[PDB]
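Line order of the protein sequences matches chains A and B. Taking my numbering, I'd label the letters of the first sequence as residues 451 to 504. Taking my numbering, I'd label the letters of the second sequence as residues 451 to 504. All remarks here apply to the structure that follows.
Protein chains: 2
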Amino acid sequence: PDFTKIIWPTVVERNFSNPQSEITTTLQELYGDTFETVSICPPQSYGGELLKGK
Amino acid sequence: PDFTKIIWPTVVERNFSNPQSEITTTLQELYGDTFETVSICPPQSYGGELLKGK
């Protein structure tokens, strides 16, 4: 290991690695983490996609 | 055939039998008879049947 170490320029710095999080004082079923994805859904019973062709 | 002819009481009288109708002075493709049935159709892209369950 010397100055001839090749450097790969990345934007991800190791000043914040894997942020673990653990439940301590209660039950999990009382404290849940949800991971969702907020996408756009047209409504079920109406929305311009029913007029397609009409 | 005498007075003991059994009579079946029907409401259909034979004072107007099969009304034939024939095209005379032109072509059929220029004079058409349509037979339709006017029933109620809910619209295609809307109508309460889309809200069924919602």
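Here a beta-carbon is modelled for each residue, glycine too, at the ideal position from N, C-alpha and C.
Backbone CA spacing between residue i and residue j [nearest angstrom]
| i | j | result |
| --- | --- | --- |
| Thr484 of chain A | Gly498 of chain A | 31 Å |
| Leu501 of chain A | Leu480 of chain B | 35 Å |
| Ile473 of chain A | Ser489 of chain A | 29 Å |
| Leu477 of chain A | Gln470 of chain A | 17 Å |
| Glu486 of chain A | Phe453 of chain A | 45 Å |
| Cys491 of chain A | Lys504 of chain B | 15 Å |
| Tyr496 of chain B | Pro493 of chain A | 12 Å |
| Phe466 of chain B | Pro451 of chain B | 24 Å |
| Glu463 of chain B | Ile456 of chain B | 16 Å |
| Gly482 of chain B | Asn468 of chain B | 19 Å |
| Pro459 of chain B | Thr475 of chain B | 42 Å |
Chain A within 7 Å of residue i, Cβ atoms only
| i | result |
| --- | --- |
| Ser495 of chain B | yes |
CB contact below 7 Å: residue i versus chain B
| i | result |
| --- | --- |
| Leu477 of chain A | no |
Chain-ordered chain B contacts of residue i [CB-CB under 8 Å]
| i | result |
| --- | --- |
| residue 435 of chain A | Since the first residue shown for chain A is 451 and the last is 504, residue 435 of chain A is missing from the structure and cannot be characterised. |
Chain C contact for residue i (CB, 7 Å cutoff)
| i | result |
| --- | --- |
| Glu486 of chain B | The chain labelled as chain C is not found among the protein chains of the depicted structure, namely A and B. |
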